[PDB]
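Backbone-built Cβ (ideal geometry, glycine too); neighbour counts: all protein chains shown. Please treat every number below as a calculation from the coordinates, not as lab data.
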RNA sequence: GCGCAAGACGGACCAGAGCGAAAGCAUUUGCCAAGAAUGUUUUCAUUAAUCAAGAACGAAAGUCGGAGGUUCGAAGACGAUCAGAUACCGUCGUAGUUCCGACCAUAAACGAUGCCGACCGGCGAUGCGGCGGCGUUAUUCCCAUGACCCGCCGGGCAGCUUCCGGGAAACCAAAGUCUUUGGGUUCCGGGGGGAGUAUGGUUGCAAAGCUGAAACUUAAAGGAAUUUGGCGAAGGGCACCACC
RNA sequence: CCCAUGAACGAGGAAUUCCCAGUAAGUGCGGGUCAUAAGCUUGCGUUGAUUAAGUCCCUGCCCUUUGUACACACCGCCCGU
RNA sequence: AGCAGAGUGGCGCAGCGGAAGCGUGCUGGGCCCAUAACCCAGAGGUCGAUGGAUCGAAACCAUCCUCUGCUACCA
Ligand SMILES: [Zn+2]
């Protein structure tokens, strides 16, 4: 918890993978390589209602919790790596990333380079469902 | 009914007629 | 229940000698205990860094991959592993009413670095062009692909690793292509998009000494 | 929770159209007093005026639509 | 009767095009029949731009965009109100709706 | 986050664009074979058009014998929804989906519009081949070539307007040149049901394919377009016999 | 009219009515029926508020476009064991 | 003939000290133009019986009765 780094002159970088879908949000922060984690909280950690766990407020609360964890641990700067569901399902990010980014910026956590890293397919396998789709 | 499923039940009637024709020999 | 993060020691990683900024960042690892050593745990690790935060105030949409091999004690040295382009710029190149030509060559340097390069070029709409088409025939596409093949093959086998990397810091291969290939069809958006490592030779420490000073 | 958010009070600048299923809510454009440069949109219940200052329990959310 | 001069699509001398899938649905739709939406939008629209720019390490930073292509079936396009029905004389208009903002 | 293994598919580029008799065809390179259009002061000289018998190709699904089975997923096992739900929804999952080899010959196989030939308004673009012409680029001179601009010629997919003309109208530059009725030629329909049904023949391992009635019953069944009402259709306004 | 008799009823389930200014509500007085005559109705006066200046979510209405196998007009028409 | 289970609203069932409920059936009302679904309310109870402990038992104590699980006419 104690380290010989310079606070005023420079800063410490990590990366944070924000995976947001239409069912859940994932605010995961690691080191610069991504091999070694820092803290991982999700939209199920803050709200116990299973209706809206991909809600913006749950993602906001999880982002404030992981920002407090990185502040008490000693991480000052973050590189945002945004992610959707990917694959053959969808490409639009979920309704938690917009609140999660603003909650990460509002807490005093400095933001470096932001990027969308989602799995894009070059015509992968068949999507779940019939030929006529899911009729509702 | 539409023509598709009326056609299908006609084919099933044809099938049953064919088996009773072959087993009624 | 005890906190596992009290047994973490911060490290430092250093870029190779072709980069002006030497310090890349800090990483942490569990404290060593018995059989598993912390030097082995930093053996396979890849960092995804950008060019504008590594060389100087250059373009900011080119990313490099760097892998460590050895640790000198709170100090790690890395070597080049691959090059890839930032997604938003790359999908901003692709638009409708134009054609794009791809190529791929397995070529290797003077040492045992077997590479795999990918180049993409986009057709230029002329300044006084009224036609919205800006299309090209298939044999022109084949000739442009052959010419880009010869250009990105020729500038590799006579060069070592350092000169190839210093060539990759600007888009000099792309400028040489769009100067060479504009006799057939003019191009406006030409860069090399991906460089891969397939085979790696034996690790001896002289290269890792002279590639960091 | 385990965190006491300090209460901030904000004054409106312009009233928008009335949102909600029955039209009982109203979109307003509030602005903060500790730094008079920030403008966000909040959902209010009840009649509001121009220059009417409102209390805010939280200052982090944004206004959603009628749904 | 014949509703349109074409068949609501762009197939004239082909007879077969490659089918694609919907985004809202999973319905197999031909490529020239589906409604296309090449949308351009930012990560942060108009409220978090000042919060990102005031908490950024770098000065004079451009904000990246989202470039995705949406493929819609006809029922999913009407139900999401992407396109709406028109009059018989106004059906023949082929220009896109004008943009202002 | 680092690699390994298997199988499927070729996004954005991708358009009322191209090729093919149709079904159909989208990573790179190499080999073989075929073809339309353009160009020609080249060659044979009527060798042509449509076609009973006969013959090739023919989506998906289905069948037989192998390999392989990643994803999806008829039947099936469940969880909810519901008065009921063996349905819409969700988790698994069998044949099949993939390739080889042998079968059947079926689609809204549609442009719901057979093939050849002639004539009959324009307009601006598109793909190919050819021709002419101010100019710019491949770094400043010349020539030809590729890349743009201005116009034409022939063929092809198309688009806009039209009291040419036609039709029941929707609409059509062909669905026109038709009572002022004849250019040549093949297939095919005489009110709606029974019915693509019974039987006979024939093909096939099977599923089934082709040919194909009658008895009886019926005064309507249909096509286009207009005016009302009704939409768990859309877009604007209103009401305390509506709500907040 | 007089004296006795002093029951249910402890703020009411599902649902539903009326109204926004001298208004709702409380409170009494006239007229109609009337030989005997108001718990109803029509008028009148006194006291006198809460909330809101909006919406199309419910129940419906007006206009335009579109769809229809409906026209005794969706409370319509229609398929099968 | 010998040991155990059950005895509770028309029917089946939960219960063991401070204390009559459930699913179902019946009747009535609302919702709708009306019916069916849906909602609400109620009637319907010697808790099989006897005497006792306990301030107080449907339950605790001893007995009998009714229907079942096992031995079976055991001289
Ligand atoms: Zn869909």
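Observations
- Where the alpha-carbon atoms of region A:1-85 are placed on the principal axes, they occupy 45, 22, 19 Å, in descending order.
- Potential lengthening between residue C:172 and residue C:110 on full extension [0.36 nm per residue; Cα-Cα distance subtracted]: 20.3 nm
- Across region C:131-200, Cα-Cα pairs more than 16 Å apart make up 54 percent of the total.
- In percent, rounded to a whole number, the relative contact order of chain A is 27, using alpha-carbon pairs under 8 Å and six or more apart.
- Normalised by the number of residues in chain D, the mean separation of alpha-carbon contacts (under 8 Å, six or more apart) gives a relative contact order of 38 percent.
- Base-10 log of normalised Debye intensity for chain D (one unit scatterer per alpha-carbon) at q = 0.12, 0.17, 0.26, 0.27 Å⁻¹: -0.31, -0.61, -1.19, -1.25
- Using the rule -39500 (n - 2.57) for each DSSP H run of four or more residues, divided by the residues of chain A, the 222 nm mean residue ellipticity is -6500 deg cm²/dmol.
- For chain E, the 222 nm mean residue ellipticity estimated from helices alone, with every DSSP H stretch of n ≥ 4 adding -39500 (n - 2.57) and the total spread over all residues, rounds to -2500 deg cm²/dmol.
- Dimensionless Rg over Rh [chain E; C-alpha; Kirkwood]: 1.12
- Compactness of chain C - radius of gyration and Dmax, Cα, Å: 21.1, 74
- Between C:92, C:172, C:50, the GNM of chain C built on Cα springs shorter than 10 angstrom shows C:92 fluctuating the most.
- Counting, for every residue in E:41-48, the Cβ atoms of other protein chains within 10 Å of its Cβ and taking the mean gives 4.
- A crude spin-label estimate for the pair residue D:29 and residue C:140, with each label 7 Å from Cα along the Cβ direction, gives 5.1 nm.
- Under conditions of 37 °C and 0.692 mPa s, region E:1-59 yields 208 µm² s⁻¹ as its translational diffusion coefficient, taking Rh as the Kirkwood radius over Cα pairs in the Stokes-Einstein equation.
- With Cα atoms, 0 to 90° folded angle of helix A:97-106 axis to chain A main axis: 10
- Taken along the Cα-to-beta-carbon direction at a fixed 7 Å, the label points for residue C:199 and residue E:17 span 4.7 nm.
- Normalised Debye scattering of the protein assembly as shown at q = 0.09 Å⁻¹ gives log10 I(q)/I(0) of -0.92, counting only Cα atoms as equal scatterers and leaving out solvent.
- The mean sequence separation of alpha-carbon pairs under 8 Å and at least six residues apart, normalised by the residue count of chain C, gives a relative contact order of 20 percent.
- Once the C-beta distance of residue C:60 and residue D:8 is scaled by a Förster radius of 35 Å, the resulting FRET efficiency is 0.45 to the nearest 0.05.
- Counting only other chain Cβ atoms within 10 Å of each residue's Cβ, the peptide C:25-35 averages 3.
- If you run the Gaussian network model on chain A, springs between alpha carbon atoms under 10 Å, then out of A:125, A:76, A:92 the most flexible one is A:125.
- Shielding by partners - mean other protein chain Cβ count within 10 Å, residues of A:26-36: 5
- When each of the peptides E:9-16, C:146-153 is scored by how many other beta carbons lie within 10 Å of its residues on average, the order from highest to lowest is C:146-153, E:9-16.
- Built from the Cα atoms of region C:1-107, the convex hull projects on average onto 11.3 nm², one quarter of its surface area.
- Region C:164-213: Cα Rg divided by the 2.2 N^0.38 Å rule of thumb: 1.67
- Principal-axis analysis of the Cα atoms of chain C puts helix C:138-157 at an angle of about 40° to the longest axis.
- Chain C, helix-only ellipticity at 222 nm - DSSP H runs n ≥ 4, -39,500 (n - 2.57), divided by all residues, nearest 500: -7000 deg cm²/dmol
- Inter-centroid distance (Cα atoms) of region C:11-78 relative to region E:26-65, Å: 32
- Extending 7 Å from the Cα toward the beta-carbon at both residue C:10 and residue A:69 defines two label points whose distance is 2.0 nm.
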